[PDB]
Structures are given as C-alpha cells and as structure tokens.
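J.: Supplied in structure tokens, the structure appears directly below.
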Amino acid sequence: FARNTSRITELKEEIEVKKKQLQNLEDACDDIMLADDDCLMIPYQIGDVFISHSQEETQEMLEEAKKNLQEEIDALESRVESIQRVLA
Amino acid sequence: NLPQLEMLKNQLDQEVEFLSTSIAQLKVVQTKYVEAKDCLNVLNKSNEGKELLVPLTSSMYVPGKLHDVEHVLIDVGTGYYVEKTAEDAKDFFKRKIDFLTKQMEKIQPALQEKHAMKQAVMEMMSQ
Amino acid sequence: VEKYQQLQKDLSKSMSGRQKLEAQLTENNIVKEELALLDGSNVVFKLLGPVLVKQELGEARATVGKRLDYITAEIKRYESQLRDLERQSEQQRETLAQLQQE
Amino acid sequence: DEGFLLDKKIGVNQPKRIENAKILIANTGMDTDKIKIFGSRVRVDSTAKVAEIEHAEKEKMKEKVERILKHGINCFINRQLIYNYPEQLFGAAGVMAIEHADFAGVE
Amino acid sequence: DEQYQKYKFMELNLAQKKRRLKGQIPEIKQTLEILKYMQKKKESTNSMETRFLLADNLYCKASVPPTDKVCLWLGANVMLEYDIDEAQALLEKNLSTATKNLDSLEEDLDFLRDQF
C-alpha cells in the first residue's frame, strides 16, 4: 500500500513547524541575553506561570526545552524517514 | 428562463447558508468577551490581594493568592504585552471592555446590516 | 477546466490568509492606536513566547506597517489572479466546448 | 586574429597580462557548490550533516590555487564561473580564467 | 459503487476523532509537565510571585506559598484534591497509557480502514 504520503506529509510539516518554534526559542534566549538583560527583574514563564526572578536561572528550562524539542523532533524525523524507507 | 434560474438558486442557497454559518459564528464569538465582562467584578473585589482557585490549562485547579494588580496582563498580537496597572484593574478595564465590545459591534451591527441583503435575497428567491 | 480551477484555488488560498490577517488586524489597529497614547497604564513589552522583554514602540510600528504593505501586495496578487481566472474562463472553457461541437 | 580568442569580458580581475598559461578544461564552477572538498564527502542526511559542505567549501578557495602551485603553476585557465573571493585570489595569484566559452570547442 | 462514499465517510468520521483526541492530548500533557517541572521543585522550595489564569483572556499576577495542593475535575459536579506527588501519578497514566490505545486506534485503525 502506497500509504507513504498520508503518513509522511503531516510529519514533515509538523517537524518543520517544531524546528521553527525551536529556532524562535533560541531567538528568545538570545534576546533575553541582550535585550532587557537586566538582572533585577525578568518575567520568565514555565508552563502557566511567570516568575520575574530568573536571569541566569532561565537556562534551567531553556536547555530543557531545547533538548526536549530537538532530540524528540530529529528522532521523529528519523521515524518519518523510516516510514519512507519501509515502503521504498 | 425559469429552469436556469432555479438551477442557480441552489448555488444561491449554498452561499446564503455559508453566510448563515458566518452569523452562527457571530453568535459564538461573543463568548470570550461576555465572560470577560462577567469577570470584571472579580478585579475590584480582589484588589487587596485575595486567595483564588484558578484553572491551569482547562482541567486543573490550584490554590493561589492573586497580587500585583499593577501588572495584570493581557496577550495581544504576535507576542506583545499589555501590562494593566492597578487603577486600570479597578476601573479602566471597563473602558477596555467597551472597546472590545466595540469590536463586538463591528461583528453584530456592521455584519447584520449587510446580511439584511441576505435575507432580502431569501425573500426575492420566491419569485 | 484546468487553468480556471488552478487560478480559483490560488484565489482561495490567498484570500483565506488575507481574510484571517484582516480579522486580526481589525483588532490590532485599535489596540495599538490607543496603546500609543495611554502610556503609564500600559507599557510596551514583547511577550515573545513564554518570556518577557522590554520593548519599544517604533519596531512594533514598523512591524505592523510592513504587515500592511505585505497584505496589500498580496491583495493585488489575488486580484491579478482574479483577472487571470476571468481571462481563462473564455478560452480554457471553450477548449472542451469546441471539441464537443466539432 | 592569431591565437585562441574569447568574446567575453574579463578585464582586470583575472588579468590580461600573463604569460605561458596552464590551459585546462574544467566543467565545474564555483556556482556548482561542488562537494569534492578536503572536508566531508557527499552525504544525504539531515540529522547531523545538514550543511557541513558550506563550511568545507571554504577550503576550495585556497586549494584551487595551492594544489596547482604544488603541481607547479604560472597561470591557469578555467571555463566556468568563479566566485568573487577566489576571483581576487586568482588576481593576486596570476591566473586568467574565463567566465564562459563555447563548450563545443573544448577539443 | 458505494465503496468510495462509505470509505470517505469512514475517513471523515475517524479523522474527526483524530482531531478531537489530539485536541485533548496537548492540555493533559501541559497539566503533567508544567506542574512536574516548575511547581514540584520551586513551589515546594519557597514562595514566589506567580502568574495564574484569571480567564482564558484575563491573565493576572499572583503569588503562591508552598501550598502543594492541587485539584482535578472531570465534570461540573465531582471534585477531588491531591498532593503534589500522587496527583501526577494518577494523571500520567491518563496520557502515557491513553496514547497507546487511542492512537493505535488511530494509526492502526487508519491502516485497517484503508482496506476496511
């Protein structure tokens, strides 16, 4: 069954949008490292909460989000490539 | 004469039904703002700082006292900030609701007036 | 009819985005227009995702202005596709009619 | 006119003042983003091999001069487009490469 | 014959299930990791100024002590509160195990429905 398109197109588009979101998260990290890099007050959000305390503590979830995105998304990129190769 | 008009009346009916779905969209868009107005009264009643049980995404509840009315916040645009101040949290988000309701009038008045011709087309279709 | 349908699809997918951007723009216009004069009660920052950074009004104005220019250019693109569709509607539709006629 | 003449415009970047050129035929230009660099070989992969050729190709800029110099160079002739930085590098090296030519005349 | 129409109807009425299920999946995820990542450590450590939802459009500043109390609702009438360790234990099944059946009843169901 030539089911590849129905199983790879959505994965490709969602991997693309997740890569764009990771790139934008990296941009946000860079921005907080130069724009409003004030130590004293910085609203930073973990899920549904701001804490305007983290300046260097921001990386504690910046790296978390970075890896939890990139590792999962390139693993699933390998998964969609596997879906491609199993048919061809 | 009549047969071709009756045949194209099906397409006329389908576009009218699309615009009727649009006005049903109109009835379903007021919600967010109407419970915003309903939630107005919470702001002034809790301006000393008060314990709240609030949803986290939709399905979670966690106790927590609200404070800092001087930076109550609304999201807008591509990621811009609306830091509502204290006096605003008491009284001035009433006018903010007035302007959101103004957009709500862009929805109901300014679209029902042009759907008057939709209902006129319904009445004319009898001919 | 191939070309007419292709241009219709182009019209549709351009106009959907144009209409959604109009729907968001009708709100952002006002929000920003009082925001530019109500300073103190609200102050401009960027909520670029789950973080906040102090932001200045001018780059937001440039952003919304280039939104406006982009969407106007897209409107002329869509309307050019509209003339393309109406032009094909004669001959690309007579393609089948002339072969059925003779 | 005598000799072999090209109808392009080369000017000064590859100088018109050179002697005893090493005439070659080379069908790959700098616009071809050719993979054969000192760096990694050709791969089809995006997990960790997205654009390493863009970093590798910076070696070609200097290799296109130094390899021929090691073989022995007084000039060089190339029949394909060359990117700017190698263009002034050849200008400083003394190489007369032509942007395009009638490729049927390679013989 | 009717094969095409019934095939399309099944595809539509199962794609709606796909959309709905991966509609509730993201927020239950959020319920898990938001708490387990931020609160479970920092709130259990010390009280901080916070942001909580006043509505889905009104967002209000807040502060929380080490309350460590959480509440779950599945309907408009039945409530139960929990600690900050067993609550995620009961929530984590509702997605980690739920995805395996619901999505297999989606991916494998699509694989069968391409022939069913």
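Every chain in the structure tokens has a letter given in the order shown (A, B, ...), and although residue numbers restart at 1 in each chain, ligands are simply numbered from 1 in the order shown.
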Please, which residues of chain E lie no more than 12 Å from chain A when the count uses only C-alpha atoms, and can they be set out as a PDB file with N, CA and C atoms, in the first residue's frame?

T.:
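Result file is iface_35.pdb:
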ATOM      1  N   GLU E  27      -3.326  19.541  26.232  1.00  0.00           N
ATOM      2  CA  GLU E  27      -3.500  20.196  27.523  1.00  0.00           C
ATOM      3  C   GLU E  27      -3.264  19.229  28.675  1.00  0.00           C
ATOM      4  N   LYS E  29      -1.045  16.784  28.568  1.00  0.00           N
ATOM      5  CA  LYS E  29       0.407  16.905  28.656  1.00  0.00           C
ATOM      6  C   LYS E  29       0.787  18.097  29.522  1.00  0.00           C
ATOM      7  N   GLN E  30       0.340  19.291  29.126  1.00  0.00           N
ATOM      8  CA  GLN E  30       0.678  20.505  29.862  1.00  0.00           C
ATOM      9  C   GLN E  30       0.412  20.337  31.353  1.00  0.00           C
ATOM     10  N   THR E  31      -0.754  19.787  31.700  1.00  0.00           N
ATOM     11  CA  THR E  31      -1.075  19.539  33.101  1.00  0.00           C
ATOM     12  C   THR E  31       0.009  18.706  33.767  1.00  0.00           C
ATOM     13  N   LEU E  32       0.535  17.705  33.059  1.00  0.00           N
ATOM     14  CA  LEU E  32       1.609  16.918  33.656  1.00  0.00           C
ATOM     15  C   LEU E  32       2.901  17.722  33.806  1.00  0.00           C
ATOM     16  N   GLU E  33       3.499  18.145  32.683  1.00  0.00           N
ATOM     17  CA  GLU E  33       4.876  18.639  32.803  1.00  0.00           C
ATOM     18  C   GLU E  33       4.961  20.037  33.402  1.00  0.00           C
ATOM     19  N   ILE E  34       3.965  20.909  33.204  1.00  0.00           N
ATOM     20  CA  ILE E  34       4.023  22.225  33.845  1.00  0.00           C
ATOM     21  C   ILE E  34       4.244  22.063  35.341  1.00  0.00           C
ATOM     22  N   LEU E  35       3.345  21.318  35.990  1.00  0.00           N
ATOM     23  CA  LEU E  35       3.466  21.090  37.423  1.00  0.00           C
ATOM     24  C   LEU E  35       4.763  20.368  37.750  1.00  0.00           C
ATOM     25  N   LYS E  36       5.005  19.222  37.096  1.00  0.00           N
ATOM     26  CA  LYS E  36       6.121  18.367  37.484  1.00  0.00           C
ATOM     27  C   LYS E  36       7.464  19.061  37.300  1.00  0.00           C
ATOM     28  N   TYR E  37       7.545  20.025  36.384  1.00  0.00           N
ATOM     29  CA  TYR E  37       8.791  20.721  36.108  1.00  0.00           C
ATOM     30  C   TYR E  37       8.962  21.943  37.000  1.00  0.00           C
ATOM     31  N   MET E  38       7.972  22.838  37.035  1.00  0.00           N
ATOM     32  CA  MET E  38       8.137  24.040  37.845  1.00  0.00           C
ATOM     33  C   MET E  38       7.789  23.789  39.307  1.00  0.00           C
ATOM     34  N   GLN E  39       6.522  23.457  39.572  1.00  0.00           N
ATOM     35  CA  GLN E  39       5.997  23.583  40.925  1.00  0.00           C
ATOM     36  C   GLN E  39       6.637  22.570  41.860  1.00  0.00           C
ATOM     37  N   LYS E  42      10.118  24.165  42.725  1.00  0.00           N
ATOM     38  CA  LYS E  42      10.316  25.538  43.175  1.00  0.00           C
ATOM     39  C   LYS E  42       9.266  25.923  44.214  1.00  0.00           C
ATOM     40  N   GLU E  43       8.005  25.542  43.983  1.00  0.00           N
ATOM     41  CA  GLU E  43       6.962  25.862  44.951  1.00  0.00           C
ATOM     42  C   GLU E  43       7.179  25.101  46.249  1.00  0.00           C
ATOM     43  N   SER E  47       8.152  30.354  48.434  1.00  0.00           N
ATOM     44  CA  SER E  47       7.033  31.084  47.848  1.00  0.00           C
ATOM     45  C   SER E  47       7.509  32.213  46.940  1.00  0.00           C
ATOM     46  N   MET E  48       6.896  32.303  45.758  1.00  0.00           N
ATOM     47  CA  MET E  48       7.296  33.235  44.706  1.00  0.00           C
ATOM     48  C   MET E  48       6.081  33.955  44.143  1.00  0.00           C
ATOM     49  N   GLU E  49       6.326  35.141  43.585  1.00  0.00           N
ATOM     50  CA  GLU E  49       5.333  35.801  42.746  1.00  0.00           C
ATOM     51  C   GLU E  49       5.089  34.975  41.489  1.00  0.00           C
ATOM     52  N   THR E  50       3.826  34.878  41.081  1.00  0.00           N
ATOM     53  CA  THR E  50       3.448  33.957  40.019  1.00  0.00           C
ATOM     54  C   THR E  50       2.444  34.596  39.069  1.00  0.00           C
ATOM     55  N   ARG E  51       2.199  33.890  37.969  1.00  0.00           N
ATOM     56  CA  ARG E  51       1.139  34.208  37.025  1.00  0.00           C
ATOM     57  C   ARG E  51       0.158  33.049  36.952  1.00  0.00           C
ATOM     58  N   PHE E  52      -1.116  33.345  37.195  1.00  0.00           N
ATOM     59  CA  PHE E  52      -2.199  32.380  37.086  1.00  0.00           C
ATOM     60  C   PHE E  52      -3.272  32.929  36.161  1.00  0.00           C
ATOM     61  N   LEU E  53      -4.030  32.020  35.559  1.00  0.00           N
ATOM     62  CA  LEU E  53      -5.105  32.426  34.667  1.00  0.00           C
ATOM     63  C   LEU E  53      -6.284  32.969  35.463  1.00  0.00           C
ATOM     64  N   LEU E  54      -6.679  34.209  35.179  1.00  0.00           N
ATOM     65  CA  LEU E  54      -7.964  34.666  35.695  1.00  0.00           C
ATOM     66  C   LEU E  54      -9.093  34.191  34.790  1.00  0.00           C
ATOM     67  N   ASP E  56      -9.494  32.810  30.232  1.00  0.00           N
ATOM     68  CA  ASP E  56      -8.719  32.486  29.041  1.00  0.00           C
ATOM     69  C   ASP E  56      -8.287  33.727  28.272  1.00  0.00           C
ATOM     70  N   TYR E  59      -5.426  37.611  32.355  1.00  0.00           N
ATOM     71  CA  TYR E  59      -4.291  36.946  32.979  1.00  0.00           C
ATOM     72  C   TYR E  59      -3.808  37.846  34.107  1.00  0.00           C
ATOM     73  N   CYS E  60      -3.744  37.311  35.322  1.00  0.00           N
ATOM     74  CA  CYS E  60      -3.464  38.122  36.498  1.00  0.00           C
ATOM     75  C   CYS E  60      -2.201  37.646  37.204  1.00  0.00           C
ATOM     76  N   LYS E  61      -1.419  38.604  37.699  1.00  0.00           N
ATOM     77  CA  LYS E  61      -0.298  38.293  38.574  1.00  0.00           C
ATOM     78  C   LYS E  61      -0.789  37.670  39.874  1.00  0.00           C
ATOM     79  N   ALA E  62       0.098  36.913  40.509  1.00  0.00           N
ATOM     80  CA  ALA E  62      -0.250  36.189  41.721  1.00  0.00           C
ATOM     81  C   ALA E  62       1.028  35.879  42.488  1.00  0.00           C
ATOM     82  N   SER E  63       0.849  35.318  43.678  1.00  0.00           N
ATOM     83  CA  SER E  63       1.934  34.729  44.442  1.00  0.00           C
ATOM     84  C   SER E  63       1.400  33.471  45.104  1.00  0.00           C
ATOM     85  N   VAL E  64       2.257  32.465  45.226  1.00  0.00           N
ATOM     86  CA  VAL E  64       1.816  31.202  45.810  1.00  0.00           C
ATOM     87  C   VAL E  64       2.797  30.791  46.900  1.00  0.00           C
ATOM     88  N   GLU E 106      -6.000   4.875  16.238  1.00  0.00           N
ATOM     89  CA  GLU E 106      -5.962   5.862  15.167  1.00  0.00           C
ATOM     90  C   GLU E 106      -5.015   5.452  14.048  1.00  0.00           C
ATOM     91  N   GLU E 107      -3.733   5.197  14.330  1.00  0.00           N
ATOM     92  CA  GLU E 107      -2.817   4.816  13.255  1.00  0.00           C
ATOM     93  C   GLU E 107      -3.165   3.441  12.689  1.00  0.00           C
ATOM     94  N   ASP E 108      -3.317   2.440  13.560  1.00  0.00           N
ATOM     95  CA  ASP E 108      -3.670   1.104  13.091  1.00  0.00           C
ATOM     96  C   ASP E 108      -5.096   1.078  12.556  1.00  0.00           C
ATOM     97  N   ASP E 110      -6.536   3.567  10.957  1.00  0.00           N
ATOM     98  CA  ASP E 110      -6.405   4.090   9.600  1.00  0.00           C
ATOM     99  C   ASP E 110      -5.812   3.047   8.663  1.00  0.00           C
ATOM    100  N   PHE E 111      -4.812   2.298   9.136  1.00  0.00           N
ATOM    101  CA  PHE E 111      -4.218   1.255   8.306  1.00  0.00           C
ATOM    102  C   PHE E 111      -5.252   0.206   7.916  1.00  0.00           C
ATOM    103  N   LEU E 112      -6.144  -0.145   8.844  1.00  0.00           N
ATOM    104  CA  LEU E 112      -7.206  -1.097   8.532  1.00  0.00           C
ATOM    105  C   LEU E 112      -8.286  -0.463   7.662  1.00  0.00           C
ATOM    106  N   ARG E 113      -8.663   0.782   7.964  1.00  0.00           N
ATOM    107  CA  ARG E 113      -9.741   1.467   7.267  1.00  0.00           C
ATOM    108  C   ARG E 113      -9.369   1.809   5.833  1.00  0.00           C
ATOM    109  N   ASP E 114      -8.073   1.867   5.520  1.00  0.00           N
ATOM    110  CA  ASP E 114      -7.653   1.937   4.128  1.00  0.00           C
ATOM    111  C   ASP E 114      -8.050   0.687   3.356  1.00  0.00           C
ATOM    112  N   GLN E 115      -8.398  -0.388   4.060  1.00  0.00           N
ATOM    113  CA  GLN E 115      -8.949  -1.601   3.478  1.00  0.00           C
ATOM    114  C   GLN E 115     -10.332  -1.941   4.009  1.00  0.00           C
TER     115      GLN E 115
END

J.: Which residues, written as a ChimeraX atom specification, have at least one atom at most 10 Å from residue 62 (chain A), with only C-alpha atoms counted and residues fewer than 2 positions away on the same chain left out?

T.: /A:25-26,28-29,46,57-60,64-68

J.: With C-alpha atoms retained, could you export that selection as an mmCIF file, in the first residue's frame?

T.:
data_model
loop_
_atom_site.group_PDB
_atom_site.id
_atom_site.type_symbol
_atom_site.label_atom_id
_atom_site.label_comp_id
_atom_site.auth_asym_id
_atom_site.auth_seq_id
_atom_site.Cartn_x
_atom_site.Cartn_y
_atom_site.Cartn_z
ATOM 1 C CA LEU A 25 13.004 29.793 21.269
ATOM 2 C CA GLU A 26 16.727 30.165 20.567
ATOM 3 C CA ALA A 28 14.126 34.371 22.606
ATOM 4 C CA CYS A 29 17.103 33.062 24.589
ATOM 5 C CA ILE A 46 7.350 27.832 32.947
ATOM 6 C CA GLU A 57 18.165 30.628 36.001
ATOM 7 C CA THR A 58 16.349 30.952 32.655
ATOM 8 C CA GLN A 59 18.710 28.416 31.082
ATOM 9 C CA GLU A 60 17.437 25.816 33.579
ATOM 10 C CA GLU A 64 15.371 21.678 28.900
ATOM 11 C CA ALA A 65 13.073 22.934 26.140
ATOM 12 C CA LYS A 66 15.958 22.984 23.653
ATOM 13 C CA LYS A 67 16.816 19.313 24.117
ATOM 14 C CA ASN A 68 13.247 18.080 24.690
#

J.: As an NGL selection string, please: the residues near region 13-16 of chain A (cut-off 10 Å, only C-alpha atoms, same-chain neighbours under 4 positions excluded).

T.: :A and (8-9 or 20-22 or 69-70 or 72-74 or 76-77 or 80)

J.: Could you give me, as a list in words, the residues within 10 Å of residue 73 (chain D), counting only C-alpha atoms and dropping anything in the same chain fewer than 5 positions from it?

T.: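 Result of the neighbour search: residues 20, 21, 22, 65, 66, 67, 68, 93, 94 and 95 of chain D.
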
J.: Determine which residues of chain E DSSP labels as strand (DSSP E) from the backbone of this structure, then write them out as a count of residues only.

T.: 20

J.: Could you give me, as number ranges by chain, each residue of region 4-64 of chain B that DSSP assigns to alpha helix (DSSP H) when run on this structure's backbone?

T.: B: 4-45

J.: Based on the selection just made, write N, CA and C atoms of those residues as a compact mmCIF listing (two decimals), in the first residue's frame.

T.:
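For reference, part-v4.txt as written:
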# COMPACT_ATOMS: atom_id res chain seq x y z
N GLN B 4 -33.08 27.63 -15.61
CA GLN B 4 -31.70 28.02 -15.29
C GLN B 4 -31.65 28.83 -14.00
N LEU B 5 -32.64 29.69 -13.78
CA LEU B 5 -32.70 30.44 -12.53
C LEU B 5 -32.88 29.51 -11.34
N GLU B 6 -33.74 28.50 -11.48
CA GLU B 6 -33.93 27.54 -10.40
C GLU B 6 -32.67 26.72 -10.16
N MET B 7 -31.93 26.39 -11.22
CA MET B 7 -30.68 25.65 -11.06
C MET B 7 -29.64 26.47 -10.31
N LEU B 8 -29.50 27.75 -10.67
CA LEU B 8 -28.54 28.61 -9.98
C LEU B 8 -29.02 29.01 -8.58
N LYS B 9 -30.32 28.87 -8.30
CA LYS B 9 -30.81 29.11 -6.95
C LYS B 9 -30.22 28.14 -5.94
N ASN B 10 -29.76 26.97 -6.37
CA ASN B 10 -29.07 26.07 -5.44
C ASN B 10 -27.74 26.67 -5.00
N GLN B 11 -26.98 27.25 -5.93
CA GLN B 11 -25.74 27.92 -5.56
C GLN B 11 -26.03 29.15 -4.70
N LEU B 12 -27.10 29.88 -5.02
CA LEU B 12 -27.50 31.00 -4.17
C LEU B 12 -27.82 30.52 -2.76
N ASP B 13 -28.53 29.40 -2.64
CA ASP B 13 -28.84 28.85 -1.33
C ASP B 13 -27.58 28.44 -0.59
N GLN B 14 -26.60 27.86 -1.29
CA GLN B 14 -25.39 27.42 -0.60
C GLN B 14 -24.57 28.61 -0.12
N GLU B 15 -24.53 29.71 -0.89
CA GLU B 15 -23.79 30.86 -0.38
C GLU B 15 -24.53 31.52 0.78
N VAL B 16 -25.86 31.58 0.71
CA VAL B 16 -26.62 32.08 1.85
C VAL B 16 -26.40 31.21 3.08
N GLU B 17 -26.33 29.89 2.90
CA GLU B 17 -26.08 29.02 4.04
C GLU B 17 -24.67 29.21 4.59
N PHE B 18 -23.70 29.49 3.72
CA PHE B 18 -22.37 29.83 4.21
C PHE B 18 -22.40 31.11 5.05
N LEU B 19 -23.13 32.12 4.60
CA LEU B 19 -23.22 33.35 5.39
C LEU B 19 -24.05 33.15 6.65
N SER B 20 -25.00 32.21 6.64
CA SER B 20 -25.72 31.86 7.86
C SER B 20 -24.80 31.15 8.85
N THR B 21 -23.90 30.31 8.35
CA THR B 21 -22.85 29.77 9.21
C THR B 21 -21.96 30.88 9.73
N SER B 22 -21.74 31.92 8.92
CA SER B 22 -20.98 33.08 9.37
C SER B 22 -21.70 33.81 10.51
N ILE B 23 -23.02 33.95 10.42
CA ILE B 23 -23.72 34.61 11.52
C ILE B 23 -23.84 33.69 12.74
N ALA B 24 -23.84 32.37 12.55
CA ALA B 24 -23.72 31.48 13.70
C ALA B 24 -22.36 31.63 14.36
N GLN B 25 -21.32 31.81 13.54
CA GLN B 25 -20.01 32.21 14.05
C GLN B 25 -20.14 33.51 14.83
N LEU B 26 -20.98 34.42 14.35
CA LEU B 26 -21.22 35.68 15.07
C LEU B 26 -21.81 35.43 16.45
N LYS B 27 -22.80 34.54 16.55
CA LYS B 27 -23.33 34.20 17.87
C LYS B 27 -22.29 33.50 18.75
N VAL B 28 -21.36 32.75 18.15
CA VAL B 28 -20.40 32.04 19.01
C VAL B 28 -19.15 32.85 19.33
N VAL B 29 -18.94 34.00 18.69
CA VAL B 29 -17.75 34.80 19.01
C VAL B 29 -17.91 35.71 20.22
N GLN B 30 -19.14 36.03 20.64
CA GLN B 30 -19.28 36.96 21.75
C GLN B 30 -18.76 36.38 23.06
N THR B 31 -18.70 35.06 23.18
CA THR B 31 -18.48 34.39 24.46
C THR B 31 -17.29 34.97 25.22
N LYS B 32 -16.08 34.79 24.68
CA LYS B 32 -14.85 35.20 25.37
C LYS B 32 -15.03 36.57 26.01
N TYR B 33 -15.57 37.52 25.25
CA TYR B 33 -15.76 38.87 25.77
C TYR B 33 -16.89 38.92 26.80
N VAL B 34 -17.94 38.11 26.64
CA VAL B 34 -19.06 38.23 27.58
C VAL B 34 -18.67 37.67 28.95
N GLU B 35 -17.94 36.55 29.00
CA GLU B 35 -17.41 36.19 30.32
C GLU B 35 -16.26 37.09 30.75
N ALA B 36 -15.60 37.81 29.83
CA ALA B 36 -14.68 38.86 30.27
C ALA B 36 -15.43 39.95 31.05
N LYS B 37 -16.57 40.39 30.52
CA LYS B 37 -17.38 41.37 31.24
C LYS B 37 -17.91 40.79 32.54
N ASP B 38 -18.30 39.52 32.53
CA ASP B 38 -18.79 38.90 33.76
C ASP B 38 -17.68 38.84 34.81
N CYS B 39 -16.44 38.64 34.37
CA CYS B 39 -15.29 38.56 35.26
C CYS B 39 -14.73 39.93 35.63
N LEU B 40 -15.21 41.01 35.01
CA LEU B 40 -14.91 42.36 35.51
C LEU B 40 -14.99 42.46 37.03
N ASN B 41 -16.11 42.01 37.61
CA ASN B 41 -16.39 42.29 39.02
C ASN B 41 -15.42 41.58 39.96
N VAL B 42 -14.69 40.57 39.49
CA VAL B 42 -13.67 39.92 40.30
C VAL B 42 -12.51 40.87 40.56
N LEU B 43 -12.16 41.71 39.58
CA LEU B 43 -10.96 42.55 39.69
C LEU B 43 -11.05 43.51 40.87
N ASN B 44 -12.13 44.29 40.94
CA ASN B 44 -12.24 45.29 42.00
C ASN B 44 -12.46 44.64 43.36
N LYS B 45 -13.16 43.50 43.40
CA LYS B 45 -13.44 42.82 44.66
C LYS B 45 -12.18 42.23 45.29

J.: For chain B, work out the contacting residues on chain C at 7 Å, counting only C-alpha atoms, and write them as a ChimeraX atom specification.

T.: /C:28,41-49

J.: Output N, CA and C atoms of each residue in that selection to a file, as a PDB file, in the first residue's frame.

T.:
ATOM      1  N   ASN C  28      -5.851  44.595  16.163  1.00  0.00           N
ATOM      2  CA  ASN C  28      -4.548  45.164  16.498  1.00  0.00           C
ATOM      3  C   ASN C  28      -4.466  46.651  16.167  1.00  0.00           C
ATOM      4  N   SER C  41      -0.504  53.519  31.887  1.00  0.00           N
ATOM      5  CA  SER C  41      -1.479  52.481  32.204  1.00  0.00           C
ATOM      6  C   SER C  41      -1.115  51.150  31.553  1.00  0.00           C
ATOM      7  N   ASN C  42      -0.524  51.183  30.360  1.00  0.00           N
ATOM      8  CA  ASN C  42       0.115  50.024  29.757  1.00  0.00           C
ATOM      9  C   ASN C  42       1.469  50.465  29.218  1.00  0.00           C
ATOM     10  N   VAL C  43       2.438  49.556  29.247  1.00  0.00           N
ATOM     11  CA  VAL C  43       3.778  49.829  28.741  1.00  0.00           C
ATOM     12  C   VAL C  43       4.163  48.705  27.789  1.00  0.00           C
ATOM     13  N   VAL C  44       4.838  49.065  26.701  1.00  0.00           N
ATOM     14  CA  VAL C  44       5.129  48.122  25.626  1.00  0.00           C
ATOM     15  C   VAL C  44       6.240  47.174  26.062  1.00  0.00           C
ATOM     16  N   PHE C  45       5.951  45.874  26.025  1.00  0.00           N
ATOM     17  CA  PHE C  45       6.949  44.823  26.149  1.00  0.00           C
ATOM     18  C   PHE C  45       6.652  43.783  25.079  1.00  0.00           C
ATOM     19  N   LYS C  46       7.574  42.842  24.901  1.00  0.00           N
ATOM     20  CA  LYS C  46       7.369  41.737  23.971  1.00  0.00           C
ATOM     21  C   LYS C  46       7.135  40.444  24.747  1.00  0.00           C
ATOM     22  N   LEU C  47       5.971  39.832  24.531  1.00  0.00           N
ATOM     23  CA  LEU C  47       5.660  38.502  25.058  1.00  0.00           C
ATOM     24  C   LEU C  47       6.018  37.432  24.023  1.00  0.00           C
ATOM     25  N   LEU C  48       7.295  37.416  23.642  1.00  0.00           N
ATOM     26  CA  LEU C  48       7.756  36.514  22.594  1.00  0.00           C
ATOM     27  C   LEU C  48       7.803  35.078  23.110  1.00  0.00           C
ATOM     28  N   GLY C  49       6.628  34.476  23.264  1.00  0.00           N
ATOM     29  CA  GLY C  49       6.517  33.157  23.832  1.00  0.00           C
ATOM     30  C   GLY C  49       6.425  33.213  25.342  1.00  0.00           C
TER      31      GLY C  49
END

J.: Residues at most 9 Å from region 77-90 of chain C, counting only C-alpha atoms, excluding those fewer than 3 positions away in the same chain, as a PyMOL selection string?

T.: chain C and resi 1+3-8+10-12+14-15+72-74+93-95

J.: Hey, list the chain B side of the contact with chain E: 7 Å cut-off, only C-alpha atoms, answer as a list in words.

T.: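 So the residues of chain B near chain E are residues 54, 55, 56, 57, 59, 60, 61, 62, 63, 64, 65, 66, 67, 68, 69, 71, 72, 73 and 74 of chain B.
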
J.: Distance CA of residue 42 (chain D)-CA of residue 56 (chain D), one decimal place?

T.: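 Separation between CA of residue 42 (chain D) and CA of residue 56 (chain D): 11.1 Å.
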
J.: State, in Å with one decimal place, the distance from CA of residue 37 (chain D) to CA of residue 18 (chain D).

T.: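 That distance, rounded to one decimal, is 27.9 Å.
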
J.: What's the separation between CA of residue 11 (chain D) and CA of residue 81 (chain D), in Å to one decimal place?

T.: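 CA of residue 11 (chain D) sits 14.5 Å away from CA of residue 81 (chain D).
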
J.: Excluding residue 12 (chain D) and residues on its chain fewer than 2 positions from it, collect all residues at most 12 Å away from it, counting only C-alpha atoms, and give them as a PDB file with C-alpha atoms, in the first residue's frame.

T.:
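Output below, filename around_38.pdb:
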ATOM      1  CA  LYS D   9      34.698  40.421 -20.688  1.00  0.00           C
ATOM      2  CA  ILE D  10      37.382  39.560 -18.137  1.00  0.00           C
ATOM      3  CA  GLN D  14      41.755  37.737 -13.986  1.00  0.00           C
ATOM      4  CA  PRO D  15      44.454  39.897 -15.571  1.00  0.00           C
ATOM      5  CA  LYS D  16      45.049  40.251 -19.302  1.00  0.00           C
ATOM      6  CA  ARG D  17      48.795  40.479 -18.515  1.00  0.00           C
ATOM      7  CA  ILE D  18      50.011  36.895 -18.010  1.00  0.00           C
ATOM      8  CA  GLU D  87      38.410  35.890  -8.233  1.00  0.00           C
ATOM      9  CA  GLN D  88      40.648  38.379  -6.429  1.00  0.00           C
ATOM     10  CA  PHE D  90      43.469  34.388  -8.622  1.00  0.00           C
ATOM     11  CA  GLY D  91      44.054  38.049  -9.442  1.00  0.00           C
ATOM     12  CA  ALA D  92      46.733  38.031  -6.748  1.00  0.00           C
ATOM     13  CA  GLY D  94      48.220  35.450 -11.701  1.00  0.00           C
ATOM     14  CA  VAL D  95      45.516  33.242 -13.221  1.00  0.00           C
ATOM     15  CA  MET D  96      43.410  34.029 -16.307  1.00  0.00           C
ATOM     16  CA  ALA D  97      40.136  32.105 -16.028  1.00  0.00           C
ATOM     17  CA  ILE D  98      37.248  32.744 -18.427  1.00  0.00           C
TER      18      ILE D  98
END

J.: Starting from chain C, keep only residues with some atom at most 8 Å from an atom of chain A, counting only C-alpha atoms, and report them as a list in words.

T.: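 Selected residues: residues 48, 49, 50, 51, 52, 53 and 54 of chain C.
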
J.: Would you tabulate, counting only C-alpha atoms, all residues of chain D that have an atom at most 12 Å from an atom of chain A, showing the closest pair of atoms and their distance in Å to one decimal, sorted by chain then ascending number, as CSV?

T.:
residue,atom,partner,partner_atom,distance
D:44,CA,A:81,CA,11.8
D:45,CA,A:78,CA,10.0
D:46,CA,A:74,CA,8.7
D:47,CA,A:74,CA,6.4
D:48,CA,A:74,CA,9.5

J.: For the residues in that selection, give me N, CA and C atoms as a CSV table (one decimal), in the first residue's frame.

T.:
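Output below, filename part_33.csv:
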chain,number,residue,atom,x,y,z
D,44,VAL,N,23.6,12.3,2.0
D,44,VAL,CA,22.2,12.6,2.0
D,44,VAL,C,21.7,12.4,3.4
D,45,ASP,N,21.8,13.4,4.3
D,45,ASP,CA,21.4,13.2,5.7
D,45,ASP,C,21.2,14.6,6.3
D,46,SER,N,20.2,14.7,7.2
D,46,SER,CA,19.9,15.9,7.9
D,46,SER,C,20.0,15.9,9.4
D,47,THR,N,20.3,14.7,10.0
D,47,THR,CA,20.3,14.6,11.4
D,47,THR,C,21.5,15.4,12.0
D,48,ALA,N,22.7,15.2,11.4
D,48,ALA,CA,23.9,16.0,11.8
D,48,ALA,C,24.7,16.4,10.7
